[PDB]
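Novice: here is the input, now give the coordinates:
(chains A, B, C, D, E, F, G and H, ligands or ions: 1)
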Amino acid sequence: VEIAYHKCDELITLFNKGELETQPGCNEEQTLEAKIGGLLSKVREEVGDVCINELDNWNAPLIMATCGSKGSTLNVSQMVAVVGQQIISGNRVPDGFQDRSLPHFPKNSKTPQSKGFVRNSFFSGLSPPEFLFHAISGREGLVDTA
Amino acid sequence: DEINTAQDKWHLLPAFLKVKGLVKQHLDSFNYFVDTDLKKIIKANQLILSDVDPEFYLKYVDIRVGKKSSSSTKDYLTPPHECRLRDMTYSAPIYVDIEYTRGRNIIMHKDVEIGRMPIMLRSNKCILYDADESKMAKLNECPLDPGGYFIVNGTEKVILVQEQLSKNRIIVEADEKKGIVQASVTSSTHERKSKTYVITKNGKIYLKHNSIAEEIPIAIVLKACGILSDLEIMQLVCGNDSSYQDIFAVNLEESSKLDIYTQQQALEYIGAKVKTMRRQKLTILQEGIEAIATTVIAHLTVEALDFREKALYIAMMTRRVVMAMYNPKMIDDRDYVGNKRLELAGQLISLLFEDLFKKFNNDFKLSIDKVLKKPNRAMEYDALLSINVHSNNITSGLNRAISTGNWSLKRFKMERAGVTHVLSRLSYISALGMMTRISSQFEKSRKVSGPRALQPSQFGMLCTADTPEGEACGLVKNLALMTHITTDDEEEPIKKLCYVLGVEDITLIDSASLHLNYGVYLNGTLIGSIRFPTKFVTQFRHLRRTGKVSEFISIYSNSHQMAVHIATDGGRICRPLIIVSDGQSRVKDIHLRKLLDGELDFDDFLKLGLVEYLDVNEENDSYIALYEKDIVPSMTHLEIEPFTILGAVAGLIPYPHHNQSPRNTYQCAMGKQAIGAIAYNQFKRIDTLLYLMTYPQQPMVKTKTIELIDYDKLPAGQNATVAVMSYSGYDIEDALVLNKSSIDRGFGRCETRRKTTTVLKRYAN
Amino acid sequence: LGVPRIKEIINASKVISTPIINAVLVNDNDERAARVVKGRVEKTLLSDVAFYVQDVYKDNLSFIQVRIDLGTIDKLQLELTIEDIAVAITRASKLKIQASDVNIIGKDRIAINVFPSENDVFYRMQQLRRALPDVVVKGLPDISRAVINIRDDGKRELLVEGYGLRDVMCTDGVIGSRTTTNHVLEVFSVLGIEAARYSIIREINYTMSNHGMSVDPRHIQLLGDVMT
Amino acid sequence: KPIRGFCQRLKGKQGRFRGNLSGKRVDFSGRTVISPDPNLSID
Amino acid sequence: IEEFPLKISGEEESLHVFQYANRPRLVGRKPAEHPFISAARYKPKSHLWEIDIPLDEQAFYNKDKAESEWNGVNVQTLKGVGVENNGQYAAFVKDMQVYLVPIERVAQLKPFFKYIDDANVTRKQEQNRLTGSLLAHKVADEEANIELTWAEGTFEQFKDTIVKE
Amino acid sequence: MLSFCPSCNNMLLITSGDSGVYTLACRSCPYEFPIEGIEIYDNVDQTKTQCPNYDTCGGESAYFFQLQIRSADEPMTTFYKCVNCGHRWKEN
Amino acid sequence: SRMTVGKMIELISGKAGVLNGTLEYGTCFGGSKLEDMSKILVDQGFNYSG
Amino acid sequence: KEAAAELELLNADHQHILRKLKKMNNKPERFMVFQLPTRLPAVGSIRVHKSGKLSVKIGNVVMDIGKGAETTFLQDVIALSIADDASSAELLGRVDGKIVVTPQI
Ligand SMILES: [Zn+2]
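Specialist: Residues are numbered from 1 along each chain as shown, chains lettered A, B, ... in the order given. Please find the structure below.
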């Protein structure tokens, strides 16, 4: 998780003050937005990959998600190892305030963990601004079906 | 145990919540109502003057509620209990003092009762204010009741908190196709009016209104706004450089070709093109019909006697929309709490009461007109005895209005439905849960998902958990544990003080500046336009935090849009937190220890400048921390108790963060449907429908919130063992399995109480 | 993609949102025809290549001065030298403005003269000024934008958003034999009937074969037949 | 305000059409909650 | 280190300050241009001061248009609205000490024409209830006629306030 | 053109002068404007062929490129490039 | 599928509270630790978790 | 960089305003205008603070210091003499500077 942070921090310091090759996804700031979305994605799945692999036999959630009962390997992975990238609307947590997610974060927030990202599982608990982000996606998906 | 920095921060909430109760809203507003509003409304019309007879005049000197002479109060005012049993309403008499004058040349006085009026529970004028123990046992009623509700005509109903869009403020929205639109709404006394600015085509912009028939070429309007010189206008709404010139230059071009001046065709255009004249005393007709128009119908509150104030304001209103016409974004959407303001029932009752009083006036004036047109024996009285039997129109009129929920206004003429709601009593939570709940009105469609999903700005000012899953989703919210609703202070003593701080009058300023720094806006109105924002902000906040004007009137800087805002307009949520000066907190140990032991209570920290309230768009400018450990000394403020984010109803769930938001939402709805023991007076109380529990028990795992709200004293549920296993096969999907002889010693044993009412009447026979 | 797209089909409305059109060109190559047919069919480069637009008044003559920079037309491929924009300039003249005169001297400078409520000439020219850097030099009046994308494994081709169809199919440089277009109702206006019925059952099957399950081939064909 | 007595009662093709119009008269019926069992064969 | 003394002068008829947004800076050695010929009209409070400035026949006068519509040929007309705000003083430095004379009321100057309102009329031609705006209008047009002769010279403007120390 | 007339300082519009002259004057105010008005707003492959480009050039060497364009029956279009000047050339 | 781990922890914190004869606290973002409950259990002869 | 940019101007302004104050010294007519808070509690006067700073003040234990002004370069200003409603209109000539004074701690 930490090795996936400063790498994006190295990419984001080149955002305003530097130049980089941009995909034909049109204009700027969407370029790294697709990159930060791709990087943190793989890292998430990768962390949860080794988790279930080394998990002990005869356990209930594995066997239950193994056969017919309930859920999938993706579900139990969020319980134990890590969650990540809560996303509504097709993008990342649009700013409620001016150029910032929450007042608890510095102005111009491009930082990972500052927007729609949580490195904590359901077991370990949730940091205070790891919560509201999850409340969003929960509210969004709930009103959707309704 | 020694006093640490972590322990005391949690002790702050009990000190805060003990002074101001869980429900501030209804109480505080009703108390302000019966004193301030009552004396102000009667001051609006203190006189009634009718035409006949050589001279007649009548003056109301003072109006009070159920208090005069040596009597502290009514001999015996019916308690809440007995009032509920006899189906009678809950009310106190209205005492008035009037001065009567006849053609017998007399000046005298008296004390009369114009009618009744409902009194809310737990109020200064109630019998339950500051009472303890045996006082309640004698009055036959429960000490733990939340209060703050109106009981009339049998059962009891509650006035629900209603949200309202921003009043007297500029809001700008952008649209595909046609163009950009900004809306302006306000109310001055009797009437409410809405202005709509619009750009149809060409970049040349128009002004729509219900007063003026056809859209006016604003460049002509601005001429009628007192300005002549043209390019001064361009240098105002556009100013110095870039692309802002050519766009507005189009309208500027073709406006002055056919008709150009600041006087002659300016007014005469508007007045000839203007709609219906109201038919009475109409002919002032001249360039002056637009004069009274260019003041009153001039689209906003500004007015007064000059053309300079209003002009620049409309120009600055034109300033912003031409900026978003250039490129997308750069606008203000209407979603978040920052642009929203909630209004407590205190103002609503005043609006409804003043209407019935106005209706009485003309009828009372015409009442004496009868004998007035009668030939002989001019009458001294019967303005006493006859109006007494003529009265009670206020009584029944207000009682029917509060019972129905349909309010009829002849002034604003706004008929509002679905205001009052009957308080649902099932458990102890449902009573406290329905209160402290934010409702909403209109804003059109069910289809639009815009005003539905939660927004990050809601954090800490509202409950992010509680919500009534169903047809209505997200349209009704709830307040958090620690919040404060803003009142209104005053206007005049700010400007004069602001001038002392070095800001100057807008009149003396040559009006062609987009160039020097920011400018100070008072409730949206440009006044000072001062340099050096730093010393302006800091010193002003210092005068706030320390010796004067606490709570509201907060100042915040605007970086991109160039200005500095000062808003004194109340009716908004406020949240407490702690100031960190330099690198460390302002609290510092031994202070809070002096608190918990013997003294120092609350609201003293505001005097010492420790804790205060952020608000409005100022919460955006500041910087808030999480924990005392996390502090990096770039921080303006820290936060006290981060777990206050959830509402009062959502504080029941143990380990909420371990779960997911959809699970916590369902519990908030089901948690109030649980069956408790309700109150202590419960056995002496006759309800319409009620469910009871036999052997209630507290939860094995408690919460810090449930103790402060007094939950476990009146718990709802049965603490029981359990096992997680696949057994039965009558279990399977979402179905449990119970055990006999556990249930035969009883489990969750209930009781169902209903009632029936009959009346023996008497006909005309 | 999802259900509101099926709504667009079932309703069979005239217009529709982002109606992309697929077309094949010749073969798979990076240069020439790839970017050639790309710069051929869309909008107006007039406001782009215009360099600087000058407005001059000398003595008794009124002058509109637009001098085109040759640098852009060289890099961005459009087929003409000067006169074909001059006939495109007179197209604009014939459409919304006037038929008077046109001038050609050097560096692609085009002069416009006008002459006859008082002082109308100034107000006339004022409107003709701003309206000039708009009108289409080449391409059609349809396409909102185009894209060159990698087709299949290694191949290349383009997709176009517009109501054009036949005209861009008639447009030289591309093979129009095998193509496709959305909003079936308009396909009925060119191929018609059968081919349109074959297209409407093609899109219905596609978009509903992605999100999940199966609707089977049988039930779809009957739905498109009873309509057609 | 509206007193409309004729063309109206023939209307109401939406909202409560599901409940009132076609759901008013159905005889010999019943309703109750649900609960599982292994022992009952299907059908 | 040192000391700069300042004083506060007395009443002395008070003052009224002119300002106009028309003329910009000429960027030359002397930026300001001096208005002339005076001819101001006056009335009671909210007086609407009128400013008159000459017109030159030498440069770009366009005579053929004048003889046709407005025969004016003459001094330009400017007007403006006066306003007052407390706590504003004026200053002038004499020797090593500073002296200060309070300004009082302030006024803005922007023009208009009677060649308009009179021309608009001649082109077109061939009780208890009121307050505020029009009350400042109906009374305005009626009560204003005053001829003020502006004469500029200064001697005692200092010594009058100076001896008050 | 967005001009203005000192003193009154409103705007300057073009008015047609009598008999051949074009002038401009401020509305409602006497004035005349003489002058000119203005405004402005803003390689391996080789083949043998004769080079049409001539300064001193007269170059023998050239480059060529091959692609099929337009219709299938429509012949091949070739693109010539010169060594010395580096000029691109196109003919079918 | 419903994915709530907060309930499964409640039993341990609840069971440990009864053995000590004390009501066990819990709250969002903090509160009584799960680990100390295990050692409170295991010394009385119960398996550490549940 | 909030405090930075402002203190940079405060230094400069406290110098520049001192020059144009002493640049117009002798008899030729040059005028400046002041803005002060009301109620006028009582006087003390202006002068350069130690180490080149600038501090105004009044007497009897009070310190009031402020300088600078909002952007100039438009205004053509002169105050005129009006008395008794009788014809006066006396022009003292031109204007030079502008300054405001804010109180402080
Ligand atoms: Zn002019």
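
Novice: helices or strands up against the lengthiest helix in chain E?
Specialist: If you go by DSSP state H, chain E has its longest helix at helix E:114-125. Packing partners of helix E:114-125 (3 or more Cβ pairs under 8 Å, 6 or more residues apart in numbering or on different chains; DSSP states H and E): helix B:264-272. C-beta: built from backbone N, CA, C; applies to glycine.

Novice: the longest helix of chain E: what's the following helix or strand?
Specialist: The first helix or strand that comes after helix E:114-125 along the chain, using DSSP states H and E, is helix E:135-143.

Novice: what residues sit buried inside that following helix?
Specialist: By 16 or more other Cβ atoms under 10 Å in any protein chain shown, the buried positions in helix E:135-143 come out as residue E:137.

Novice: got it, and stretch E:14-21?
Specialist: Those would be E:15, E:16, E:17, E:18, E:19, E:20, E:21, for stretch E:14-21 by 16+ other Cβ under 10 Å.

Novice: helix, strand, or coil at the closest residue to the fifth one other than its chain neighbours?
Specialist: Read that as residue E:19. Distance criterion Cβ to Cβ, 6 or more residues apart in numbering or on different chains; nearest residue to residue E:19, sequence neighbours excluded, is residue H:77 at 4.7 Å. Assigned by DSSP: H, G, I helix; E, B strand; the rest coil, the conformation of residue H:77 is strand.

Novice: so residue H:77 is in contact with residue E:17, correct?
Specialist: Yes: judged on Cβ atoms under 8 Å, residue H:77 makes contact with residue E:17 at a distance of 6.4 Å.

Novice: anything in contact with each of those two?
Specialist: residue H:33 (Cβ atoms under 8 Å, 6 or more residues apart in numbering or on different chains).

Novice: quick one: the helices in chain E, in order.
Specialist: Going by DSSP H, chain E shows helices at E:63-68, E:114-125, E:135-143, E:156-162.

Novice: in the sheet, who's paired with the most far-flung residue of chain H relative to its centre?
Specialist: Seen from the C-alpha centroid of chain H, the residue lying at the greatest distance (Cα atoms, centre = their mean) is residue H:86, 31.8 Å away. Taking DSSP bridges as the rule, residue H:86 bridges to residue H:83.

Novice: next up, the contacts around the residue in chain F that chain B sits nearest to.
Specialist: Closest approach between chain F and chain B, counting by Cβ to the nearest Cβ: residue F:10, at 4.4 Å. The neighbourhood of residue F:10, defined by Cβ under 8 Å, 6+ apart, consists of B:229, B:230, B:231, B:256, B:260, F:4, F:26, F:27, F:28, F:29.

Novice: how many other residues sit next to the residue of chain H found nearest chain C?
Specialist: Going by Cβ to the nearest Cβ, chain C is nearest to residue H:74 of chain H, at 29.5 Å. Residue H:74 sits with 19 neighbouring residues when counted by other Cβ atoms under 10 Å in any protein chain shown.

Novice: one more: residue E:60?
Specialist: 14.

Novice: identify the residue nearest it in space, chain neighbours excluded?
Specialist: residue F:32 (4.0 Å).

Novice: right, I'll leave it there.
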